[PDB]
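Colleague: Chains as they are written, first to last, in UniProt numbering: chain A, 1 to 427; chain B, 1 to 37, 47 to 439; chain C, 1 to 37, 47 to 439; chain D, 9 to 191; chain E, 156 to 186; chain F, 142 to 160. Don't be surprised by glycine CBs; every beta carbon is placed ideally from N, CA and C. Structure below; questions to follow.
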Amino acid sequence: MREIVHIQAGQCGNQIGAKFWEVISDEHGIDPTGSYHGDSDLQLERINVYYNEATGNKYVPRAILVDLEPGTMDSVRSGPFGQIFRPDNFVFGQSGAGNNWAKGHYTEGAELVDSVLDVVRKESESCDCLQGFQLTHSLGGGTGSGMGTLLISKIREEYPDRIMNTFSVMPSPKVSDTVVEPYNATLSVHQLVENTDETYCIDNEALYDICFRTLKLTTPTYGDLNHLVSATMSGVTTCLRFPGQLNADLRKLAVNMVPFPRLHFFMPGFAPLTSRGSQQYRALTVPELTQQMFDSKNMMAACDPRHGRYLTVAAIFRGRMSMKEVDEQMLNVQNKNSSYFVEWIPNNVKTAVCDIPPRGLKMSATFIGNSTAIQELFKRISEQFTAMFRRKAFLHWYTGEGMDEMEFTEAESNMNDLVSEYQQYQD
Amino acid sequence: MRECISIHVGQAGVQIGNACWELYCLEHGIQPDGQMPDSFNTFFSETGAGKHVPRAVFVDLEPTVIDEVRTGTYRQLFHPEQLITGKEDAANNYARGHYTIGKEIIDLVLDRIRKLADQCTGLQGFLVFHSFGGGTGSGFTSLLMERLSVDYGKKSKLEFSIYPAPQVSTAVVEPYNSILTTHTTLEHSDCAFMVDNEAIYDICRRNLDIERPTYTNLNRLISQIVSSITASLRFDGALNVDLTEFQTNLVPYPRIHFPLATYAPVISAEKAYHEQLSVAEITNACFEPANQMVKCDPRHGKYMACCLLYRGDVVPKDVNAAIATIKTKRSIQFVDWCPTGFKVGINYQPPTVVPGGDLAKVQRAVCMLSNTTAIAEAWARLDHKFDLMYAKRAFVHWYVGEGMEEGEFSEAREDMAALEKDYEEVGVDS
Amino acid sequence: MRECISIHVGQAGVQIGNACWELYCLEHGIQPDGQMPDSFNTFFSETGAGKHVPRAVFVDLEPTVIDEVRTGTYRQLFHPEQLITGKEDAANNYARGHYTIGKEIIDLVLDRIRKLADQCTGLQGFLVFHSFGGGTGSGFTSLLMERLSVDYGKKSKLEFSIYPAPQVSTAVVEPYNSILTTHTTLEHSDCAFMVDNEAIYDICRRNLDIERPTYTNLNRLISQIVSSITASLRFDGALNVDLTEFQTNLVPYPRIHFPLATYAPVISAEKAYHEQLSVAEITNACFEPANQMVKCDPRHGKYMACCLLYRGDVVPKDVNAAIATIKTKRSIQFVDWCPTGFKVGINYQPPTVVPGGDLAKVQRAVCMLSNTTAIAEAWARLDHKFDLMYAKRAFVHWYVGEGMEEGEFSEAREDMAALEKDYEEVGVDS
Amino acid sequence: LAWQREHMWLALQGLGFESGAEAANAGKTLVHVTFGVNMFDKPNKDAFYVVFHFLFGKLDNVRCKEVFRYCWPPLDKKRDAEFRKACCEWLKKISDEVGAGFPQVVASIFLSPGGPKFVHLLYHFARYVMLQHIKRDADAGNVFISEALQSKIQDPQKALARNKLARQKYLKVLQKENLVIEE
Amino acid sequence: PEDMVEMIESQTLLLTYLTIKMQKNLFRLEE
Amino acid sequence: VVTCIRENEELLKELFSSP
Ligand SMILES: Nc1nc2c(ncn2[C@@H]2O[C@H](COP(=O)(O)OP(=O)(O)OP(=O)(O)O)[C@@H](O)[C@H]2O)c(=O)[nH]1
Ligand SMILES: Nc1nc2c(ncn2[C@@H]2O[C@H](COP(=O)(O)OP(=O)(O)OP(=O)(O)O)[C@@H](O)[C@H]2O)c(=O)[nH]1
Ligand SMILES: Nc1nc2c(ncn2[C@@H]2O[C@H](COP(=O)(O)OP(=O)(O)OP(O)(O)=S)[C@@H](O)[C@H]2O)c(=O)[nH]1
Ligand SMILES: [Mg+2]
Ligand SMILES: [Mg+2]
């Protein structure tokens, strides 16, 4: 019943999926060996949305861990909650892609993608009523970006009527770690425009800001970043896995937050996020939840919402709350900020409510924004892309792996067209 | 005799039905395990040796809300095949609920309903609880209502629906859905009781002094209104009002069947000790704009026909007194082609109180259903919302991708326009 | 898997290899007799019972440098077959090592390297260690790289070279060879880390406070750079960089693969106490003009892409902060067509310390490999020296007698001039 | 570029666009699908079907009846994918044979036919069909008029002159038509 | 701008088109 | 240029309307 099959690719995607599985296993009460030990019975009602049941009352995640270097497979296997995963689901290459998109898409990923399609076919036929796929990857490298893009294309070709979510992390101009990041980012966005149903754009720079300013962690690591991302990932599907006063699955969110087919790029956010010292001075209420969630310094994508207009916003609340409070608060947000909301859509906000709060808190809220300001995210890349492509620098790796220059031209033109569409609807 | 079949569609209808059936069980002495340690016949069927199974059918294209009921405290009440559930929800899509996801469950719920009707000997009519703004509650209910109208025909179909509020809304594509289902409520319903959630929120926070009310409170209130409507079948009183004579009095022309419901007295148990809730006081609180179940101004239009359903310790003399006073109120104005504009049903059974509720134990209660032209205003605002989104053809690819046409959008809008104009025209005098 | 075969040619190469292998042996806990009382799999093969034979191949046209190895403390490490030698050296002659004497012993070392490459399942590439000044390290290394490029094809070849100094030259015919070697390093190599001795002398005497250092200190520093390069292969860390990642991010165009290597912090034991060598300080040190391993002014050029290999107690956030500070500096200017120009790798294993060494113990280390047009200056000065000696046809008869042509010298000259012009062009902005 | 929606419609009539019969081939009514100029500013998939089938039929006959044999008229959704995959590949081939003279065809333009991006593809498609018939109905002694038209001139005076020659030809030939049909 | 020479080339195109279309019919009609 | 444009388009549309 509405099963979700998860897919990881690359080091970034693999580590973020590992955090995701840790938190979700904690939610449903699964221990590191797969043995249910929770207290409430609800935790077993819809465990099957993510966990297959193997013999002897153990649960195995319905996830496919992919990469082109075995080091990441060993690192994931050796971590905590590592022994849950099926061994037959680790599909790895032997070299690595070398931050080259052409290698991930055409040369080596093309040879590896058949094993991945075999594993996803097995897992998906194993499930009763699939409802979609979740690809956690990064856009800056060769394995993550290009490999996940080839995988998304094939998946859409085989199951055309399913949901396709992506928690892709995008490059950021400030915190850059690779020289050839613009090329891979552009070439991947070109295909994410066509072959996915909703793309949750994360950005490492934004998470670093969340950690430095809000949580006041002196030295954040990648663990804390992946923790934030996993919090959003589970917050999206709480309603699938738990009851509530107003349910919302993934196709509901897709039908509500996407007015036109191409405009499916969202920015996520989470609440409440407080430091430790500042915790006892906070009133955990619905007003404070919504005030934090609609703040611009809390978004997980390095784009300021004040520069555009919310086409749509979704708020998924968790805990025992009043619906009068929720609705009055949403109306208040809309009325006070009337300029940040388009006019040919009345009631931009969709709200849902689940009855189970996250681990340890009494209530929480997840935020998804389809806003025009996301176009900034792309313009940056485009600028950088042009600044390199004009001189054709680093182009000979991509060419020697079999690509063309016409493909770079098409990718740039498609990114420009998406930017034009968003800007047009901004007015 | 005088049976009725309830169809609860979508999440809103299913939960409203949870409230309704808890209420009927408390009213009739029937335990949530079925046993009762006559009148129950209007809703329950006596199954062998002491087992009253409700004459209802729960539907959803999604497993969750029905599973709450299967594992809830009322699992032993409903018999398993009454609770029909699908696999994947309409996902806020009229086209999915109506055309693609809907067609797989329709024969199953129809077979169940037919088996339900073959057990009752004086079937009065169907009660259909749903919600305009949802995917299932809109599309699958359209489908079900069309099929029912074909099969049964002259039976009276009463629908109680959750109409989208002006400002407070939970979904984005909501206006779209709410328009398409109108194309059904005009033709395949006999009387449509539209109720908005924002008005019930204001009712709660003003009357019952509940600062943060949730869906359970609102559902209890709607359930109370339904109970007051069908009491005249389930009890004996001085003046009974059937469903057919009710519909005869309340609907002047075929197209005009969208009355407003309002219950009184709704007060907390604490301000109740000070109030002297006479027949006149609650009779008048019915005619106040603040006690409305839908956001509209009865002052902004003219009344056409009102039905007063009194419940409890009520004598006819003071009812006549109160109706004459209202007749002498100029802020309450009426059409001229309805010289006598009141139907009165008086009933003996006071309104029961659910444990854990907010309402108090009161002896007299009124349910007033008023066909007023002011309801047109409501439709107006929603239409405007539509014409914003539709101007850009936003979200339309979801619909046309699922077996719809754009011609259906255009037709639904033209139909709602003609409905508004017919209301404005029937209002005017001569 | 992920094995790399390190060829050590000529005297300079064989000695830098003594240093490198001392380091690796001490790093993986492998005793000098080969026993270890995983990671070692990259640089050692595990033969039989706890015996590890390095994946290296020491060559030379002279036996004495290899005979010291065969008699030294590590005679029990390299199994005898890998320490290949001839009878007479090339005597600082390119033509002897390339044509005359190299042709007799190219096949032997080629058979040995084929044996080595067959035993590894994940070959990453080759690490050719040689000097530009000698006859073997220029001529035979050129011949070897030619045959290896014909044989193995796409395998990445990273060469670590000892380039002549601007001022201190120990040989007279040196420029000649150092020029002819260019004709190979352009086409057959994938990355060339040229290193000048004079700069390591200055780094020693300033940072380490070593009054007069010898070759052992220089070789220790070079080995430290090599281990920092291959660390992301042998051990695990935060961000990992293979060899192909390195080459992708560091090489903008095919002809441009001559990066400058530099290390931080190289302090004394005594000086390390007063300094708090955090990430910011070592990252700023990598960009200092006096810490380069080759003599040039990086202010006189423009950086094209730079890879930071951090090692030890390194978190990503302060790496990011230090890089942002490097960006907001005006003297470190970057080419325009490379807006994002920093590759970052972070490894968890801190840098080891050899006993009797000169470096201290640090918790963080940085190896910076930068592609900057400034390296062109180096070639310039050496080329001038060439243009002096070729002006008088001096020492040319020694080349012509053994099978070399003057056209070959003119050809190497044209090729190196073209390479300089390519750097001057790629530098300029639009 | 308003004339793009203009010349298109005129060029649409150039192929002999009759809104009735071309709506009759699809088995649907005209009142539910408006034709003309202001038909593709919004998502309009029915007018899309009609104009695309007419435009593909005017250029090719047999292969058109082949590639659109299991598709047209695409009234349902299983058979709709056939239309959307038979047309996109053809348009991609056509764009690749001409290159920069055509907008890069994207299947996403077919999920919602509307907006300026769809009108751009439609105008260049109409131009292509005009030209590949000027390539076949113009005389063997006048095939160069086709390539003379593919020569993207940049000066306005020569454009003026070319129009001038063509329009005097137009007047004289329409006058000769009258001579032939009357005399 | 270019938009006007494109207008001109398009109208030249239409003239050439319709003219050739009516020529190929009139040649048939006269015989 | 606009005059020739207008004469052009007018003759085009009106001659198209010839049966
Ligand atoms: N008064 C009241 N309104 C509800 C309730 N549940 C949902 N709604 C409202 O009804 C509308 C949504 O209808 P849904 O029930 O969620 O739609 P649906 O019937 O499930 O169709 P799907 O989208 O396929 O689930 C919103 O106004 C909701 O706020 C309820 O229990 N009581
Ligand atoms: N940095 C460094 N340079 C060295 C070392 N050993 C030799 N050299 C330098 O390398 C250059 C000479 O190259 P050699 O290795 O001696 O010549 P070769 O490879 O033996 O070839 P032949 O002349 O034929 O014997 C001079 O600069 C030498 O000073 C060393 O251990 N470290
Ligand atoms: N949030 C987060 N970001 C990461 C993590 N690991 C890498 N990144 C970011 O992702 C980008 C590179 O991701 P990486 O994992 O190297 O992609 P890859 O495709 O696996 O790299 P490759 O195999 O082609 S060389 C960088 O921008 C880096 O900052 C992580 O664990 N968490
Ligand atoms: Mg990787
Ligand atoms: Mg020697």
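Looking at ligand 4, does it come within less than 7 Å of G141(A), judged from the CB to the closest heavy atom?
Modeller: Yes; taking the cut-off as 7 Å, the Cβ of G141(A) has a heavy atom of ligand 4 nearer than that.
Colleague: Taking the alpha carbon of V375(C) as the point to measure from, which residue in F343(C), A240(C), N226(C) has its own alpha carbon closest?
Modeller: When only C-alpha atoms are compared, the closest one is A240(C).
Colleague: Excluding five sequence neighbours on each side, which residues of the same chain lie with their C-beta closer than 8 Å to the C-beta of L152(B)?
Modeller: So the list reads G106, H107, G111, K112, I115, once near-sequence residues are dropped.
Colleague: Would you mind working out which of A383(B), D322(B), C347(B), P364(B) sits nearest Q358(B), comparing C-alpha positions?
Modeller: Looking at the Cα atoms, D322(B) is the closest of the given residues.
Colleague: Residues of the stretch 116-147 of chain D in Cβ contact with chain B at a cutoff of 9 Å, in chain order, please.
Modeller: Result list: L119, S120, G122.
Colleague: Residues around ligand 5, please: the ones whose beta-carbon is closer than 5 Å to some heavy atom of it, in chain order.
Modeller: Answer in sequence order: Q11(C), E71(C), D98(C).
Colleague: Output the distance between the C-alpha atoms of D68(D) and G24(D), rounded to the nearest integer angstrom.
Modeller: Each residue's alpha carbon lies about 15 Å from the other.
Colleague: Taking any Cβ of chain A, which residues in the stretch 58-90 of chain B have a Cβ under 9 Å from it, in chain order?
Modeller: Those would be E71, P72, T73, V74, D76, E77, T80, in chain order.
Colleague: Please classify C129(A) as buried or exposed, where buried requires at least 16 other C-beta atoms within 10 Å of its C-beta.
Modeller: Exposed, because fewer than 16 other Cβ atoms sit within 10 Å of the Cβ of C129(A).
Colleague: Check whether the stretch 96-111 of chain A and the stretch 142-155 of chain A are in contact - that is, three or more C-beta pairs closer than 8 Å.
Modeller: Output reads yes: the stretch 142-155 of chain A touches the stretch 96-111 of chain A.
Colleague: Assign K166(C) to one of three DSSP states: helix, strand, or coil.
Modeller: In this structure, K166(C) counts as strand in the three-state DSSP scheme.
Colleague: Examine the Cβ distances between the stretch 313-324 of chain A and the stretch 215-230 of chain A and report whether three or more of them are shorter than 8 Å.
Modeller: Counting Cβ pairs under 8 Å, fewer than three are found: no touch.
Colleague: Does any residue of chain D have a CB that is nearer than 8 Å to the CB of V181(B)?
Modeller: It does not: the Cβ of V181(B) has no partner Cβ on chain D nearer than 8 Å.
Colleague: In angstroms, rounded to a whole number, what distance separates the CA positions of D345(C) and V419(A)?
Modeller: Each residue's alpha carbon lies about 24 Å from the other.
Colleague: Give me the chain D residues within the contact set of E186(E), using Cβ-Cβ distance strictly less than 8 Å, ordered along the chain.
Modeller: Those within 8 Å of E186(E) in chain D number zero; the least Cβ separation is about 11 Å.
Colleague: Can you grab the Cα-Cα spacing for the pair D251(C) / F133(A), in whole Å?
Modeller: Near 31 Å, if we compare the C-alpha coordinates of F133(A) and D251(C).
Colleague: Grouping DSSP H, G and I as helix and E and B as strand, with all else coil, what is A271(A)?
Modeller: Correct three-state label for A271(A): strand.
Colleague: Report back the beta-carbon spacing between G143(C) and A12(C) to the nearest angstrom; my notes put them in contact at under 8 Å.
Modeller: Right, the Cβ-Cβ distance comes to about 7 Å (below 8 Å), so this counts as a contact.
Colleague: What does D203(A) pair with, by DSSP beta-bridge criteria?
Modeller: Per DSSP, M170(A).
Colleague: Compare the C-beta of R251(A) with all C-beta atoms of chain B and state if any pair is closer than 8 Å.
Modeller: Closer than 8 Å: yes.
Colleague: Measure the beta-carbon distance from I368(A) to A301(A) and round it to whole angstroms, keeping in mind my assumption that it falls under 8 Å.
Modeller: Wrong, their Cβ atoms sit about 11 Å apart, outside the cutoff.
Colleague: For the alpha helix (DSSP H) containing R87(D), name the first residue and the last one.
Modeller: Element bounds for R87(D): 86-106.
Colleague: Please state whether DSSP places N298(A) in a helix, a strand or coil.
Modeller: If DSSP states are grouped into helix, strand and coil, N298(A) belongs with the helices.
Colleague: Is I171(B) a contact residue of ligand 1, with contact defined as CB to any heavy atom under 7 Å?
Modeller: For ligand 1, at least one heavy atom lies less than 7 Å from the Cβ of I171(B).
Colleague: Using a Cβ-based criterion (distance less than 7 Å to any ligand heavy atom), does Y222(A) qualify as near ligand 3?
Modeller: Flag set: Cβ of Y222(A) near ligand 3.
Colleague: Between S198(B) and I117(D), what straight-line distance do the alpha-carbon atoms span, to the nearest angstrom?
Modeller: Each residue's Cα considered, the two are about 41 Å apart.
Colleague: With DSSP as the reference, please indicate the residues paired to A352(A) in a beta bridge.
Modeller: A352(A) is bridged to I316(A).
Colleague: Taking only three categories from DSSP, how would you classify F85(A)?
Modeller: Three-state result, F85(A): coil.
Colleague: Helix, strand or coil: which one does DSSP assign to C347(B)?
Modeller: Coil at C347(B), not helix or strand.
Colleague: What would DSSP say about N416(A), mapped onto helix, strand or coil?
Modeller: If DSSP states are grouped into helix, strand and coil, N416(A) belongs with the helices.
Colleague: Residue range of the alpha helix (DSSP H) that residue 436(A) falls in?
Modeller: Because chain A here runs from 1 to 427, residue 436(A) falls outside it and cannot be looked at.
Colleague: Here's a check: name, in chain order, each residue in its chain whose Cβ is nearer than 6 Å to the Cβ of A247(B), leaving out the five neighbours to either side.
Modeller: Excluding residues within five positions, the ones whose Cβ falls inside 6 Å are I355.
Colleague: Comparing the C-beta of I175(E) with each C-beta of chain F, is any distance below 8 Å?
Modeller: No, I175(E) lies away from the interface with chain F (no Cβ there is under 8 Å from its Cβ).
Colleague: So, with DSSP's three-state summary, where would you put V323(C)?
Modeller: Coil at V323(C), not helix or strand.
Colleague: Does any residue of chain C have a CB that is nearer than 8 Å to the CB of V179(A)?
Modeller: Yes, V179(A) lies at the interface with chain C (some Cβ there is under 8 Å from its Cβ).
Colleague: If you draw a straight line from the C-alpha of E22(C) to the C-alpha of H28(C), how long is it?
Modeller: Distance between the alpha carbons of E22(C) and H28(C) is about 11 Å.
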